[PDB]
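Colleague: Structure: query-v3.txt, compact mmCIF, C-alpha atoms and all ligand atoms.
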```txt
# COMPACT_ATOMS: atom_id res chain seq x y z
CA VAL A 1 11.37 18.85 -25.25
CA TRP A 2 10.26 16.08 -22.90
CA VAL A 3 11.96 16.75 -19.55
CA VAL A 4 10.83 20.38 -19.39
CA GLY A 5 7.19 19.24 -19.39
CA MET A 6 7.09 15.65 -18.15
CA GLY A 7 7.74 16.87 -14.61
CA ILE A 8 4.27 18.41 -14.57
CA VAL A 9 2.71 14.96 -14.23
CA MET A 10 4.95 14.14 -11.26
CA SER A 11 4.14 17.49 -9.64
CA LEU A 12 0.40 16.91 -10.08
CA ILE A 13 0.67 13.40 -8.63
CA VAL A 14 2.58 14.68 -5.59
CA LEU A 15 0.11 17.50 -5.00
CA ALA A 16 -2.93 15.22 -5.32
CA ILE A 17 -1.53 12.57 -2.98
CA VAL A 18 -0.48 15.03 -0.28
CA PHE A 19 -3.71 17.04 -0.43
CA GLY A 20 -6.01 14.03 -0.30
CA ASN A 21 -4.19 12.35 2.57
CA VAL A 22 -3.88 15.50 4.67
CA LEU A 23 -7.56 16.29 4.12
CA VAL A 24 -8.62 12.82 5.27
CA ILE A 25 -6.39 13.00 8.36
CA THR A 26 -7.64 16.49 9.25
CA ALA A 27 -11.27 15.44 8.83
CA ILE A 28 -10.84 12.42 11.10
CA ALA A 29 -8.88 14.31 13.77
CA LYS A 30 -10.82 17.58 13.95
CA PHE A 31 -14.43 16.36 14.14
CA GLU A 32 -15.59 14.14 17.00
CA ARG A 33 -18.46 12.49 15.12
CA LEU A 34 -15.96 10.64 12.91
CA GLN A 35 -14.17 9.04 15.89
CA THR A 36 -14.80 5.32 15.37
CA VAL A 37 -13.00 2.02 15.90
CA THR A 38 -13.18 1.32 12.16
CA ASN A 39 -11.83 4.77 11.26
CA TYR A 40 -8.45 4.07 12.88
CA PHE A 41 -7.46 1.70 10.08
CA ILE A 42 -8.24 4.45 7.56
CA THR A 43 -6.10 6.80 9.65
CA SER A 44 -3.14 4.42 9.48
CA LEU A 45 -3.62 3.90 5.74
CA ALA A 46 -3.75 7.67 5.16
CA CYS A 47 -0.60 8.14 7.25
CA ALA A 48 1.26 5.52 5.22
CA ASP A 49 0.15 7.10 1.94
CA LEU A 50 1.16 10.55 3.21
CA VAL A 51 4.64 9.33 4.13
CA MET A 52 4.99 7.70 0.72
CA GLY A 53 3.92 10.83 -1.15
CA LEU A 54 6.15 13.06 0.97
CA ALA A 55 9.36 10.99 0.84
CA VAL A 56 9.43 8.24 -1.79
CA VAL A 57 7.95 9.95 -4.85
CA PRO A 58 10.03 13.17 -5.13
CA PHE A 59 13.39 11.41 -4.79
CA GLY A 60 12.44 8.83 -7.40
CA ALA A 61 11.26 11.57 -9.74
CA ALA A 62 14.63 13.27 -9.31
CA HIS A 63 16.33 9.93 -9.98
CA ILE A 64 14.62 9.48 -13.36
CA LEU A 65 14.81 13.13 -14.44
CA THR A 66 18.44 13.81 -13.47
CA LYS A 67 19.57 10.21 -14.23
CA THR A 68 22.11 10.52 -11.38
CA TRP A 69 21.94 10.07 -7.60
CA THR A 70 23.71 13.11 -6.16
CA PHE A 71 23.27 11.91 -2.57
CA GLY A 72 25.32 9.18 -0.94
CA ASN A 73 24.74 5.45 -0.69
CA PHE A 74 23.40 5.76 2.86
CA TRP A 75 20.49 7.90 1.67
CA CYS A 76 19.86 5.39 -1.13
CA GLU A 77 19.54 2.54 1.37
CA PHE A 78 17.31 4.69 3.60
CA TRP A 79 15.07 5.56 0.65
CA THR A 80 14.72 1.91 -0.38
CA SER A 81 13.86 0.95 3.20
CA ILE A 82 11.17 3.64 3.42
CA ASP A 83 9.75 2.54 0.05
CA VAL A 84 9.39 -1.09 1.11
CA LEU A 85 8.04 -0.14 4.54
CA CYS A 86 5.28 2.09 3.20
CA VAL A 87 4.24 -0.30 0.42
CA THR A 88 3.86 -3.34 2.66
CA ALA A 89 2.20 -1.35 5.46
CA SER A 90 -0.46 0.00 3.09
CA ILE A 91 -1.17 -3.37 1.49
CA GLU A 92 -1.49 -5.07 4.89
CA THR A 93 -3.80 -2.34 6.24
CA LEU A 94 -6.12 -3.00 3.30
CA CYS A 95 -6.40 -6.66 4.33
CA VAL A 96 -7.00 -5.60 7.94
CA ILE A 97 -9.93 -3.44 6.79
CA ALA A 98 -11.34 -6.32 4.73
CA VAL A 99 -11.17 -8.74 7.68
CA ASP A 100 -12.86 -6.15 9.90
CA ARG A 101 -15.73 -5.88 7.41
CA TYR A 102 -15.99 -9.68 7.27
CA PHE A 103 -16.36 -9.79 11.04
CA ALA A 104 -18.89 -6.95 10.96
CA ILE A 105 -21.31 -8.53 8.49
CA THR A 106 -20.80 -12.25 9.14
CA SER A 107 -21.31 -12.20 12.94
CA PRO A 108 -23.58 -9.30 13.95
CA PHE A 109 -24.28 -10.01 17.63
CA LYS A 110 -20.69 -10.42 18.84
CA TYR A 111 -19.08 -7.81 16.59
CA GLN A 112 -18.61 -5.49 19.58
CA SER A 113 -17.11 -8.16 21.83
CA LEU A 114 -14.40 -9.20 19.36
CA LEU A 115 -13.05 -5.72 18.56
CA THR A 116 -12.84 -2.80 20.98
CA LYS A 117 -10.90 0.47 21.21
CA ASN A 118 -7.84 -1.08 22.87
CA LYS A 119 -7.53 -4.05 20.51
CA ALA A 120 -7.39 -1.88 17.37
CA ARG A 121 -4.24 -0.14 18.64
CA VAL A 122 -2.51 -3.48 19.23
CA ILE A 123 -3.55 -4.73 15.78
CA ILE A 124 -2.19 -1.60 14.08
CA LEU A 125 1.08 -1.71 16.02
CA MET A 126 1.60 -5.37 15.15
CA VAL A 127 0.88 -4.66 11.48
CA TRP A 128 3.42 -1.84 11.41
CA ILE A 129 6.02 -3.93 13.27
CA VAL A 130 5.68 -6.84 10.84
CA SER A 131 5.98 -4.25 8.07
CA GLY A 132 9.16 -2.90 9.64
CA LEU A 133 10.83 -6.28 10.07
CA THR A 134 10.43 -6.86 6.32
CA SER A 135 12.28 -3.74 5.14
CA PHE A 136 14.74 -2.18 7.60
CA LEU A 137 16.26 -5.30 9.17
CA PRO A 138 17.30 -6.98 5.88
CA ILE A 139 18.21 -3.83 3.95
CA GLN A 140 20.27 -2.07 6.63
CA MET A 141 22.36 -5.14 7.42
CA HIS A 142 22.83 -5.79 3.65
CA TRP A 143 21.16 -9.20 3.50
CA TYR A 144 19.59 -8.68 0.06
CA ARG A 145 22.91 -7.86 -1.59
CA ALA A 146 23.42 -9.39 -5.01
CA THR A 147 26.62 -11.06 -6.20
CA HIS A 148 27.04 -10.66 -9.97
CA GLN A 149 29.55 -8.19 -11.35
CA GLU A 150 27.09 -5.52 -12.53
CA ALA A 151 25.55 -5.39 -9.06
CA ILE A 152 29.01 -5.06 -7.49
CA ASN A 153 29.87 -2.19 -9.83
CA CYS A 154 26.58 -0.44 -9.04
CA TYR A 155 27.02 -0.95 -5.29
CA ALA A 156 30.63 0.29 -5.15
CA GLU A 157 29.87 3.45 -7.14
CA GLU A 158 28.42 6.30 -5.07
CA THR A 159 26.48 7.97 -7.91
CA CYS A 160 24.31 5.07 -9.13
CA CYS A 161 21.20 3.52 -7.55
CA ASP A 162 19.79 0.50 -9.39
CA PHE A 163 17.81 -1.99 -7.32
CA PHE A 164 19.51 -5.40 -7.48
CA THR A 165 18.02 -8.02 -5.17
CA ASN A 166 18.72 -11.64 -4.33
CA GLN A 167 16.29 -14.29 -5.53
CA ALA A 168 15.35 -15.51 -2.05
CA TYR A 169 14.70 -12.02 -0.69
CA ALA A 170 12.54 -11.08 -3.67
CA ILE A 171 10.45 -14.25 -3.42
CA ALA A 172 10.00 -14.04 0.36
CA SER A 173 9.17 -10.33 0.35
CA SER A 174 6.65 -10.70 -2.47
CA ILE A 175 4.92 -13.63 -0.77
CA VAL A 176 4.80 -11.86 2.60
CA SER A 177 3.63 -8.51 1.22
CA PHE A 178 1.17 -9.32 -1.59
CA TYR A 179 -0.07 -12.88 -2.11
CA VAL A 180 -1.25 -13.74 1.42
CA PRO A 181 -3.29 -10.50 1.75
CA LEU A 182 -4.63 -11.09 -1.76
CA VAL A 183 -5.92 -14.56 -0.86
CA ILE A 184 -7.39 -13.35 2.44
CA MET A 185 -9.24 -10.45 0.80
CA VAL A 186 -10.57 -12.66 -2.01
CA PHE A 187 -12.00 -15.18 0.45
CA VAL A 188 -13.45 -12.46 2.70
CA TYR A 189 -15.21 -10.64 -0.11
CA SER A 190 -16.56 -13.88 -1.58
CA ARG A 191 -18.20 -14.71 1.75
CA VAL A 192 -19.56 -11.16 2.07
CA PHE A 193 -21.06 -11.31 -1.42
CA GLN A 194 -22.73 -14.64 -0.65
CA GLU A 195 -24.32 -13.21 2.50
CA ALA A 196 -25.52 -10.10 0.66
CA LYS A 197 -27.12 -12.15 -2.12
CA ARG A 198 -28.89 -14.35 0.43
CA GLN A 199 -30.33 -11.33 2.26
CA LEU A 200 -31.48 -9.69 -0.98
CA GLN A 201 -33.23 -12.90 -2.05
CA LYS A 202 -34.96 -13.14 1.34
CA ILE A 203 -36.25 -9.56 1.10
CA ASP A 204 -37.49 -10.09 -2.46
CA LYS A 205 -39.27 -13.25 -1.32
CA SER A 206 -40.94 -11.37 1.55
CA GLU A 207 -42.17 -8.35 -0.45
CA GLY A 208 -44.22 -10.03 -3.15
CA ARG A 209 -45.44 -6.88 -4.89
CA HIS A 210 -26.88 -6.20 -8.71
CA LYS A 211 -26.01 -3.31 -6.38
CA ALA A 212 -23.16 -4.87 -4.38
CA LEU A 213 -21.43 -5.96 -7.60
CA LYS A 214 -20.21 -2.42 -8.34
CA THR A 215 -19.12 -1.83 -4.74
CA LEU A 216 -17.05 -5.02 -4.66
CA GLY A 217 -15.80 -4.38 -8.19
CA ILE A 218 -14.27 -0.99 -7.45
CA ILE A 219 -12.39 -2.21 -4.37
CA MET A 220 -11.17 -5.45 -5.96
CA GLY A 221 -10.30 -4.05 -9.38
CA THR A 222 -8.41 -0.97 -8.22
CA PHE A 223 -6.11 -2.94 -5.92
CA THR A 224 -5.61 -5.86 -8.31
CA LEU A 225 -4.93 -3.76 -11.42
CA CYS A 226 -2.64 -1.40 -9.51
CA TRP A 227 -0.47 -3.93 -7.68
CA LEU A 228 -0.70 -7.25 -9.55
CA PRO A 229 1.33 -6.48 -12.72
CA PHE A 230 4.28 -5.27 -10.62
CA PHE A 231 4.69 -8.38 -8.49
CA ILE A 232 4.40 -10.75 -11.46
CA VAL A 233 7.44 -9.16 -13.11
CA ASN A 234 9.17 -8.87 -9.72
CA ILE A 235 8.93 -12.65 -9.31
CA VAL A 236 9.79 -13.37 -12.95
CA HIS A 237 12.86 -11.16 -13.38
CA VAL A 238 14.97 -13.01 -10.79
CA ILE A 239 14.57 -16.50 -12.29
CA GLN A 240 15.40 -15.32 -15.83
CA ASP A 241 17.65 -12.28 -16.22
CA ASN A 242 16.97 -11.62 -19.92
CA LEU A 243 13.17 -11.54 -20.24
CA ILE A 244 12.36 -8.25 -18.48
CA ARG A 245 14.19 -5.00 -19.21
CA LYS A 246 15.03 -2.32 -16.66
CA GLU A 247 12.49 0.20 -18.00
CA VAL A 248 9.29 -1.87 -17.90
CA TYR A 249 10.10 -2.64 -14.27
CA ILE A 250 10.31 1.07 -13.42
CA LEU A 251 7.12 1.85 -15.35
CA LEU A 252 5.13 -0.86 -13.57
CA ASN A 253 6.52 0.18 -10.18
CA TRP A 254 5.48 3.79 -10.79
CA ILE A 255 2.06 2.57 -11.92
CA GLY A 256 1.78 0.87 -8.53
CA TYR A 257 2.61 4.12 -6.73
CA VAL A 258 -0.53 5.90 -7.97
CA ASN A 259 -2.75 3.50 -6.00
CA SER A 260 -2.10 5.62 -2.89
CA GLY A 261 -3.90 8.55 -4.52
CA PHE A 262 -7.09 6.61 -5.26
CA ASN A 263 -7.59 5.35 -1.69
CA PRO A 264 -9.41 8.47 -0.36
CA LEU A 265 -11.80 8.38 -3.33
CA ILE A 266 -12.71 4.76 -2.49
CA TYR A 267 -12.69 4.38 1.30
CA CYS A 268 -13.76 7.93 2.27
CA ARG A 269 -16.88 8.76 0.26
CA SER A 270 -19.45 8.29 3.04
CA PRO A 271 -21.99 11.11 3.51
CA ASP A 272 -20.67 12.02 6.97
CA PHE A 273 -17.28 12.53 5.34
CA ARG A 274 -19.05 14.77 2.82
CA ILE A 275 -20.38 17.01 5.61
CA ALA A 276 -16.93 16.98 7.22
CA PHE A 277 -15.27 18.09 3.97
CA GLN A 278 -17.92 20.75 3.33
CA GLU A 279 -17.45 22.24 6.80
CA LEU A 280 -13.67 22.51 6.35
CA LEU A 281 -13.92 24.69 3.24
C1 LIG A 301 12.65 0.36 -5.47
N1 LIG A 301 11.30 -0.20 -5.62
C2 LIG A 301 10.98 -1.33 -4.73
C3 LIG A 301 11.80 -2.58 -5.09
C4 LIG A 301 11.26 -3.95 -4.56
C5 LIG A 301 9.98 -3.94 -3.72
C6 LIG A 301 9.10 -2.85 -3.79
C7 LIG A 301 7.94 -2.90 -2.99
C8 LIG A 301 7.64 -3.96 -2.16
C9 LIG A 301 8.48 -5.07 -2.06
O1 LIG A 301 8.24 -6.12 -1.27
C10 LIG A 301 9.69 -5.06 -2.86
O2 LIG A 301 10.52 -6.09 -2.80
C11 LIG A 301 9.45 -1.67 -4.72
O3 LIG A 301 8.77 -0.52 -4.32
```
Could you take the file, read its structure, and then write that structure out as structure tokens?

Modeller:
Amino acid sequence: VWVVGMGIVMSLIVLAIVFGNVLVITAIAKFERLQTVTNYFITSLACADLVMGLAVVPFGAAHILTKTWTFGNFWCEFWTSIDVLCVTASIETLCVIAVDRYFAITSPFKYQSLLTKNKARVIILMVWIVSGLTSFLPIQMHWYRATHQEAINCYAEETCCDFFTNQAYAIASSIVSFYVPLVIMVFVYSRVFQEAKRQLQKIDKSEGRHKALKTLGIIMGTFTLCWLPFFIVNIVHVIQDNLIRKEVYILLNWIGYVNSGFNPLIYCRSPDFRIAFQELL
């Protein structure tokens, strides 16, 4: 009375993610007026979200609904690697976009000199490579493997897939993937807000006879509310093994997945994108 209908939500999420990401990619690729150095970061972010929505989500949905993993252990390890890869790549691309905006507003004359067409490709490749070294290299060689008896029983059996991780791997991965980008983005947006307030005050002083707050609020709040509650419990549940159950962890992780769907509605609402979308349909 629950399974026969609760798959509708997963189907809707999959459809929304795939449609939004493919529409953004098609709009950027097809029309030449959208070709910009800043738009390449959005292209990489959309590609990461598309891969996530095409691979990670359906298999997880099958895992919860069926409650068994029909496929082998090799596919389980591959799925975990893809999950970690996509998550960290997306979160790092967000910080890259924020730093680009910081450089755009803070230093207006030499914005062009710092970043060109060729440098963006190198930045994106380095971001994806650092993302890859976090997931595939440790998982495939079995560095994260736990040691307690329940983990051994889960790992030996070929029909169960429960994520058991070492303390050191969890801490290092969380620090590399979330907290450093969080700090960088906070500092960047604080400086940007200060500059905007100064300019607004200058204009009001010039023309003798509030708006950036909402713009910063959407971007900060969406990311923080979507990805902060997951990493708190991720860090906590390794130090103490009795506080956090195995269902709240899954619920928070799936809450974090939805953040891929909201990215096109935040970073791709410019008017030129509106003309591009209107022309397509
Ligand atoms: C199966 N879910 C995984 C488990 C742990 C983990 C995730 C995402 C980013 C990380 O850095 C992680 O360590 C989650 O998506």

Colleague: Near stretch 66-75 of chain A, counting only C-alpha atoms, which residues have an atom at most 8 Å away, once you skip same-chain residues fewer than 4 positions from it, shown as a ChimeraX atom specification?

Modeller: /A:62,79,158-161

Colleague: Please produce a file of those selected residues containing C-alpha atoms, as a PDB file, keeping the file's coordinate frame.

Modeller:
```
ATOM      1  CA  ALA A  62      14.630  13.270  -9.310  1.00  0.00           C
ATOM      2  CA  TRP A  79      15.070   5.560   0.650  1.00  0.00           C
ATOM      3  CA  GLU A 158      28.420   6.300  -5.070  1.00  0.00           C
ATOM      4  CA  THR A 159      26.480   7.970  -7.910  1.00  0.00           C
ATOM      5  CA  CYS A 160      24.310   5.070  -9.130  1.00  0.00           C
ATOM      6  CA  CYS A 161      21.200   3.520  -7.550  1.00  0.00           C
TER       7      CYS A 161
END
```

Colleague: Counting only C-alpha atoms and all ligand atoms, name the residues that have an atom within 9 Å of an atom of ligand LIG 301 (chain A); the answer should be given as a PDB file with C-alpha atoms, in the frame of the given file.

Modeller:
```pdb
ATOM      1  CA  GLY A  60      12.440   8.830  -7.400  1.00  0.00           C
ATOM      2  CA  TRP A  79      15.070   5.560   0.650  1.00  0.00           C
ATOM      3  CA  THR A  80      14.720   1.910  -0.380  1.00  0.00           C
ATOM      4  CA  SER A  81      13.860   0.950   3.200  1.00  0.00           C
ATOM      5  CA  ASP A  83       9.750   2.540   0.050  1.00  0.00           C
ATOM      6  CA  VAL A  84       9.390  -1.090   1.110  1.00  0.00           C
ATOM      7  CA  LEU A  85       8.040  -0.140   4.540  1.00  0.00           C
ATOM      8  CA  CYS A  86       5.280   2.090   3.200  1.00  0.00           C
ATOM      9  CA  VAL A  87       4.240  -0.300   0.420  1.00  0.00           C
ATOM     10  CA  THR A  88       3.860  -3.340   2.660  1.00  0.00           C
ATOM     11  CA  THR A 134      10.430  -6.860   6.320  1.00  0.00           C
ATOM     12  CA  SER A 135      12.280  -3.740   5.140  1.00  0.00           C
ATOM     13  CA  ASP A 162      19.790   0.500  -9.390  1.00  0.00           C
ATOM     14  CA  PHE A 163      17.810  -1.990  -7.320  1.00  0.00           C
ATOM     15  CA  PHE A 164      19.510  -5.400  -7.480  1.00  0.00           C
ATOM     16  CA  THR A 165      18.020  -8.020  -5.170  1.00  0.00           C
ATOM     17  CA  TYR A 169      14.700 -12.020  -0.690  1.00  0.00           C
ATOM     18  CA  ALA A 170      12.540 -11.080  -3.670  1.00  0.00           C
ATOM     19  CA  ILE A 171      10.450 -14.250  -3.420  1.00  0.00           C
ATOM     20  CA  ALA A 172      10.000 -14.040   0.360  1.00  0.00           C
ATOM     21  CA  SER A 173       9.170 -10.330   0.350  1.00  0.00           C
ATOM     22  CA  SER A 174       6.650 -10.700  -2.470  1.00  0.00           C
ATOM     23  CA  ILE A 175       4.920 -13.630  -0.770  1.00  0.00           C
ATOM     24  CA  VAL A 176       4.800 -11.860   2.600  1.00  0.00           C
ATOM     25  CA  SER A 177       3.630  -8.510   1.220  1.00  0.00           C
ATOM     26  CA  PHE A 178       1.170  -9.320  -1.590  1.00  0.00           C
ATOM     27  CA  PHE A 230       4.280  -5.270 -10.620  1.00  0.00           C
ATOM     28  CA  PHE A 231       4.690  -8.380  -8.490  1.00  0.00           C
ATOM     29  CA  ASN A 234       9.170  -8.870  -9.720  1.00  0.00           C
ATOM     30  CA  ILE A 250      10.310   1.070 -13.420  1.00  0.00           C
ATOM     31  CA  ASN A 253       6.520   0.180 -10.180  1.00  0.00           C
ATOM     32  CA  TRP A 254       5.480   3.790 -10.790  1.00  0.00           C
ATOM     33  CA  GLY A 256       1.780   0.870  -8.530  1.00  0.00           C
ATOM     34  CA  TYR A 257       2.610   4.120  -6.730  1.00  0.00           C
TER      35      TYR A 257
END
```

Colleague: Need the shell around stretch 270-275 of chain A: protein/DNA/RNA residues with any atom at most 9 Å away, counting all atoms listed in the file. Skip same-chain ones fewer than 2 positions apart. Format as number ranges by chain?

Modeller: A: 24, 27-28, 33-34, 267-268, 277-280

Colleague: Filtering to C-alpha atoms, could you give me those residues as an mmCIF file, in the coordinates of the input?

Modeller:
```
data_model
loop_
_atom_site.group_PDB
_atom_site.id
_atom_site.type_symbol
_atom_site.label_atom_id
_atom_site.label_comp_id
_atom_site.auth_asym_id
_atom_site.auth_seq_id
_atom_site.Cartn_x
_atom_site.Cartn_y
_atom_site.Cartn_z
ATOM 1 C CA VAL A 24 -8.620 12.820 5.270
ATOM 2 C CA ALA A 27 -11.270 15.440 8.830
ATOM 3 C CA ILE A 28 -10.840 12.420 11.100
ATOM 4 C CA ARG A 33 -18.460 12.490 15.120
ATOM 5 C CA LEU A 34 -15.960 10.640 12.910
ATOM 6 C CA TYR A 267 -12.690 4.380 1.300
ATOM 7 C CA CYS A 268 -13.760 7.930 2.270
ATOM 8 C CA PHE A 277 -15.270 18.090 3.970
ATOM 9 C CA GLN A 278 -17.920 20.750 3.330
ATOM 10 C CA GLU A 279 -17.450 22.240 6.800
ATOM 11 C CA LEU A 280 -13.670 22.510 6.350
#
```

Colleague: Expressed in Å to a single decimal, how great is the separation between atom CA of residue A:189 and atom CA of residue A:260?

Modeller: 21.1 Å

Colleague: Choose the residue, out of A:258, A:52, A:212, A:137, that has the smallest atom-to-atom separation from residue A:195; count only C-alpha atoms.

Modeller: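 Between A:258, A:52, A:212, A:137, the residue approaching residue A:195 most closely is A:212.
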
Colleague: Find the residues near residue A:125: any atom within 12 Å, counting only C-alpha atoms, skip ones fewer than 5 places away on the same chain, and give them as an mmCIF file with C-alpha atoms, keeping the file's coordinate frame.

Modeller:
```cif
data_model
loop_
_atom_site.group_PDB
_atom_site.id
_atom_site.type_symbol
_atom_site.label_atom_id
_atom_site.label_comp_id
_atom_site.auth_asym_id
_atom_site.auth_seq_id
_atom_site.Cartn_x
_atom_site.Cartn_y
_atom_site.Cartn_z
ATOM 1 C CA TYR A 40 -8.450 4.070 12.880
ATOM 2 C CA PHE A 41 -7.460 1.700 10.080
ATOM 3 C CA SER A 44 -3.140 4.420 9.480
ATOM 4 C CA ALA A 89 2.200 -1.350 5.460
ATOM 5 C CA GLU A 92 -1.490 -5.070 4.890
ATOM 6 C CA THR A 93 -3.800 -2.340 6.240
ATOM 7 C CA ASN A 118 -7.840 -1.080 22.870
ATOM 8 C CA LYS A 119 -7.530 -4.050 20.510
ATOM 9 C CA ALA A 120 -7.390 -1.880 17.370
ATOM 10 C CA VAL A 130 5.680 -6.840 10.840
ATOM 11 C CA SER A 131 5.980 -4.250 8.070
ATOM 12 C CA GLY A 132 9.160 -2.900 9.640
#
```

Colleague: For residue A:105, which of A:246, A:145, A:30, A:191 is the closest residue, counting all atoms listed in the file?

Modeller: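 Among the listed residues, A:191 lies closest to residue A:105.
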
Colleague: Pick out the closest residue to residue A:63 from this set: A:109, A:101, A:209, A:76. Count only C-alpha atoms.

Modeller: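 So, comparing all the options, the nearest one is A:76.
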
Colleague: For the atom pair atom CA of residue A:49 and atom CA of residue A:21, what is the interatomic distance in Å to one decimal place?

Modeller: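 About the pair atom CA of residue A:49 and atom CA of residue A:21: they are 6.8 Å apart.
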
Colleague: Find, counting all atoms listed in the file, the residue in A:193, A:187, A:102, A:78 that gets nearest to residue A:142.

Modeller: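 Looking only at the distances to residue A:142, the closest residue turns out to be A:78.
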
Colleague: Would you work out the distance separating atom CA of residue A:229 from atom CA of residue A:13, expressed in Å to one decimal?

Modeller: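 It comes out at 20.3 Å.
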
Colleague: Nearest residue to residue A:116 out of A:100, A:51, A:6, A:215, using all atoms listed in the file?

Modeller: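 Using all atoms listed in the file, residue A:116 sits closest to A:100.
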
Colleague: A:149, A:245, A:197, A:179: which is nearest residue A:232, counting only C-alpha atoms?

Modeller: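 Closest to residue A:232, using only C-alpha atoms: A:179.
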